[PDB]
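Engineer: First the structure, which I've put down as C-alpha cells, then a few questions once you've had a look.
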Amino acid sequence: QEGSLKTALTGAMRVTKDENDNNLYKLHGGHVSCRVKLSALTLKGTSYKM
Amino acid sequence: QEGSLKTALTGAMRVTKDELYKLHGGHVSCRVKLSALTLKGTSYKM
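As they're listed, the protein sequences go chains V and H.
If you want full-length UniProt numbering, it's the position in the first sequence, counting the first as 1, plus 249.
Numbered by full-length UniProt numbering, the letters in the second sequence go through residues 250 to 268, 273 to 299 in order.
Right, here's the structure in full:
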C-alpha cells in the first residue's frame, strides 16, 4: 500500500531529516513572527573621508 | 502500486495456472442426446 498512501499524501506538509541526527525532524512549513530592535545598531566609518 | 491495482481488481473474473490459464467464470450451453442410452439387464431376475 505504499502507492495508495503516497497518492493520498500528495500535497501534504513535508518533513525531512538531517545528517547523523536521526530523530531531528525538519518541518517544511509554518512561519515565524519577529520583532527586531534596531536602536543599538550603528554604522562604521561615518567620519571617514570621501 | 500493487495494492492500488488489487483494490481496483476486487470483484474481477479470476484466472489461475499450472505448469495454460484457467478462466474462472461463465457457462457452456449444451444440447444432450439421450436416445442412445440403454439400461443394462432389464431382464435380470429380482
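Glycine included, C-beta positions come from ideal geometry on N, C-alpha and C.
By DSSP, does V:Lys255 sit in helix, in strand, or in coil?
Structural biologist: Working through the first sequence from its first residue, we reach residue 255 of chain V at position 6. Three-state result, V:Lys255: helix.
Engineer: Just confirm the distance between the C-beta atoms of V:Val264 and V:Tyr274, as a whole number of angstroms; I'd bet it's less than 8 Å.
Structural biologist: Taking the first sequence and counting its residues from 1, one reaches residue 264 of chain V at position 15. Taking the first sequence and counting its residues from 1, one reaches residue 274 of chain V at position 25. Confirmed, Cβ separation roughly 5 Å.
Engineer: For V:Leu290, which of helix, strand or coil comes out of DSSP?
Structural biologist: One-based indexing of the first sequence puts residue 290 of chain V at position 41. V:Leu290 falls in the coil class under three-state DSSP.
Engineer: Give the straight-line distance between the Cα atoms of H:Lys286 and V:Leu254, rounded to the nearest whole angstrom.
Structural biologist: Stepping through the second sequence from its first residue, residue 286 of chain H is reached at position 33. Stepping through the first sequence from its first residue, residue 254 of chain V is reached at position 5. For H:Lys286 and V:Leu254, the distance between alpha carbons rounds to 58 Å.
Engineer: Can you grab the Cα-Cα spacing for the pair V:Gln250 / V:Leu258, in whole Å?
Structural biologist: Counted from its first residue, the first sequence places residue 250 of chain V at position 1. Counted from its first residue, the first sequence places residue 258 of chain V at position 9. Cα to Cα, V:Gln250 sits roughly 12 Å from V:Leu258.
Engineer: What does V:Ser253 touch in chain H if you count any residue whose Cβ is under 7 Å from its own?
Structural biologist: Indexing the first sequence from 1 puts residue 253 of chain V at position 4. Within 7 Å Cβ-Cβ: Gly252, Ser253.
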